[PDB]
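Here's a solo chain for you in structure tokens, the form deposited without the named molecule.
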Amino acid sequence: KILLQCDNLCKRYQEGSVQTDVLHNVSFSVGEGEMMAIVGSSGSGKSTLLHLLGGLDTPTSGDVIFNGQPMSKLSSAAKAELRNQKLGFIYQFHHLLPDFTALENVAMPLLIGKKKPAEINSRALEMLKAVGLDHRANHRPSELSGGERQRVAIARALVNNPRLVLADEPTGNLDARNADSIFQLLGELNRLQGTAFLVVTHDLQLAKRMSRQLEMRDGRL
């Protein structure tokens, strides 16, 4: 149906002490069982767009809604409840914790919510085995290869079972053989519970995903 409704998020701030027009009048609508794959470019503000939809910054132009909960009523502590339960964040700028092990990193969103310690360890085990990394659970991410620690960050956002996963280019930091395998893991979530994922794309690697590909170059359809 509807999960997020963008209403004119014109990000007008001092982007390097100058007023730029890179994020101007962005407005789209994602469903619940379905999603949207924004095809952009390197410099159009794809990483900037997912920061505003998740609740990291304020655009001071418009306001969005999340199943009847607008961000004007959400405080700083209220956005932490939305980002931990029903919001998945997949990134690509080497965003892992090398101090902890690979088992604790997947279990880290469940450790924030302070659940029972039996269900934190079991949910991280079944999510690590979904990407084929249960044998590297008690391993440091520093000694892992580039095609292995990237899949830990993909499985890091699926333990909380969210509804909208703002993935910031998950394909491209790993090889061609594991690129097709992780496409089904995002596809199986549609069959069990219907988890949408808003993925950005600038090398046309999500062209075969669905029909809804909006070319939002610099916020222009």
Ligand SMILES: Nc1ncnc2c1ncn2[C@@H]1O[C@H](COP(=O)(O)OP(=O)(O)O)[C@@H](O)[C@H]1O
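For clarity, a rigid core is taken as the largest C-alpha set superposing within 1.5 Å between two forms. Numbers for residues come from their place in the sequence shown, where the first is 1.
Absent from the display: the form deposited with the named molecule bound. The rest refers to it.
With the partner removed from view, the residue among 160, 61, 47, 27 that has a non-hydrogen atom within 4.5 Å of the named molecule in the deposited bound form turns out to be 47.
Among 70, 187, 33, 43, the residue placing a heavy atom within 4.5 Å of the named molecule in the deposited bound form is 43. This chain is displayed without the named molecule, yet in the deposited bound form the stretch 47-55 from 47-55, 61-69, 152-160, 189-197 comes within 4.5 Å of it by heavy atoms.
With the rigid core aligned between this form and the one not shown, the listed residues 60, 184, 69, 161 include just one Cα displaced by at least 2 Å, namely that of 184. After superposing the rigid core, the Cα of residue 32 is displaced by less than 2 Å between this form and the one not shown. Between this form and the other one, the CA-CA gap for residue 206 and residue 165 widens by 3 Å or more, being larger in the deposited bound form. Here's the thing about residue 148 and residue 193: their CA atoms end up at least 3 Å closer in the deposited bound form than they are in this form.
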